[PDB]
Each structure stands twice: as C-alpha cells, then as structure tokens.
Amino acid sequence: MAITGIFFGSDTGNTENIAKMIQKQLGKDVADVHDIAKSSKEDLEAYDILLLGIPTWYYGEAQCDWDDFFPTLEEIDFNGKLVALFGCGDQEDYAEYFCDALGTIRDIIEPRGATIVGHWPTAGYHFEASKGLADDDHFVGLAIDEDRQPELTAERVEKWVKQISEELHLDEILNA
Ligand SMILES: Cc1cc2nc3c(=O)[nH]c(=O)nc-3n(C[C@H](O)[C@H](O)[C@H](O)COP(=O)(O)O)c2cc1C
C-alpha cells in the first residue's frame, strides 16, 4: 500500500486538483488521495506520512466534513507520523482569516505527537492576520494566493512538494 495519505477538504473542488498534483509527483506507489468523509480514526493511522489539505470559508470557517471529523482527529495517534498541511484562500475582505483553518489542524496534531514539515514562505504577508503563520516569514503549510484567488498554482505546489520530499526523504523514492 501507499505510505502517504493525502486527505483534502473541498467546496468548489479546487483542492482535488492540488491533491492530484501532489500524488502525481510522489507516485501512486508512494501516495494515495482521500476525503475525510470516508475516514475513521485508523484510516489516518495506516499511513506514516499525512498530507492534510484544508480550504477556509466564511470568515475563518472550516468545511463541514473536516469540522465533523475534528472530535475524531483529537483521538488519532500521530506519534511519529510526519504531517504536512496545504490550503488555498481569499483575504480581500477576509483580511484576518487567510487559510485560517490550517491552524485548526496544526493545534491538534502536535500534542498527539505529529512531526510537522512543509513550511511555505509568506514573502511579506500583506494583510491584517493569518492563523496559518508559524512565523511572520512563513506559513506552517502551503497557502496559495495570487491577487485574492489561487492562481499560478502548479509552480508553487511543485516547489512545495519538492521541499517536503527532501524533509520526508520521498525524493530518493520518487526520483529512483
Ligand atoms: C463567501 C466566501 C468566503 C470565503 N472565506 C475565506 C476565508 O475566510 N479565508 C480564506 O482563506 N479564504 C476564503 N474564501 C476563499 C475560498 O477558500 C477559495 O476561493 C476557494 O474557492 C476554495 O475552494 P476549495 O474549497 O474547493 O478548495 C472564501 C470564499 C468565498 C466565496
């Protein structure tokens, strides 16, 4: 079976394309793609590496499928699991809520013993606040935006996948 579980929350379906652009680089032998709706606690524990994609909506809201799973997420064993986060957003009016829901996963996985990878630079975050920040210089996960919407996506998710592949040591699996 695959060693990486990619799980993506969605509404407009944009995150499915991100999950596929991740999986195609890693290879199907290395990564598989899921939506938390079909998951149980053991469905994550089966994997060593977990890529948890989450969009943010309606002023820092998490999508209902992930929100309903959070009381199960806090029971999952993450001890020694490698975890990376990804997301997309709009912040023109949502200026304090850009990719807010990244913080919601990041808060739960660490005390359950996760090892975090896959930071992404802000390149000088411009707006009021964002809860996905690990530092003012970098988000804790991939957070794509280009003029209030996700575009110029493929080059950014290629760079992010290549970065996690050298933290996770998937690079020496996928380039073989
Ligand atoms: C009414 C509305 C509210 C939104 N609220 C936020 C928000 O609080 N934070 C954010 O980062 N993005 C926000 N977004 C942007 C969406 O996350 C983004 O455009 C995209 O549609 C997400 O698609 P996906 O869930 O299918 O991946 C919002 C979009 C709309 C239309």
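Definitions and limits used
Residues numbered from 1 in each chain as written, not as in the entry; some residues may be left out. Heavy atoms only, no water. Near = heavy atom within 4 Å. Polar contact = N/O pair within 3.5 Å; in protein donor to acceptor, adjacent residues only side chain to side chain. Areas by Shrake-Rupley, 256 points an atom, 1.4 Å probe, with all protein chains shown as cover. Helix = DSSP H or I, 4+ residues; strand = E, 2+ residues; numbered from the N terminus. Nonpolar A, V, L, I, M, F, W, Y, C, P; charged D, E, K, R; others polar. Core = buried A, V, L, I, M, F, W, Y, C linked by side-chain atoms within 4.5 Å. Buried < 20%, exposed > 50% of the residue type's maximum accessible area, 1.4 Å probe, protein only. Contact = heavy atoms within 4.5 Å.

S.K.: Would you explain the site of the ligand in this entry?
M.R.: If you check the shell around the ligand, you find 19 residues, and the closest are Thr12, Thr15, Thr56, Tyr97 and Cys99. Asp11 places a main-chain nitrogen or oxygen 3.2 Å from an oxygen atom of the ligand. Residue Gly60 places a main-chain N or O atom 3.1 Å away from an oxygen atom belonging to the ligand. In the complex, 85% of the free accessible area of the ligand, which totals 650 Å², lies under the protein chains. Every element with two or more residues in the shell around the ligand is listed here: helix 1 (14-26) and strand 4 (56-57). In terms of residue class, the shell around the ligand is made up of nine nonpolar, eight polar and two charged.

S.K.: Please explain the nonpolar core as it appears in this structure.
M.R.: Most often, soluble globular proteins keep nonpolar side chains buried together rather than apart. With 53 residues, the main nonpolar core has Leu44, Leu51, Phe78 and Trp160 as its most contacted residues. Counting only elements with at least two residues in this core, the list comes to strand 1 (4-8), helix 1, strand 3 (49-53), helix 3 (64-73), strand 6 (82-88), helix 4 (102-109), strand 11 (142-144) and helix 5 (153-167). A per-element tally of this core places strand 6 first, with six residues. Ignoring any residue separated from it by four or fewer positions in sequence, one finds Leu51 in contact with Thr4, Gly5, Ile6, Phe7, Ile22, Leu26, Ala84, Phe86, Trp160 and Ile164.

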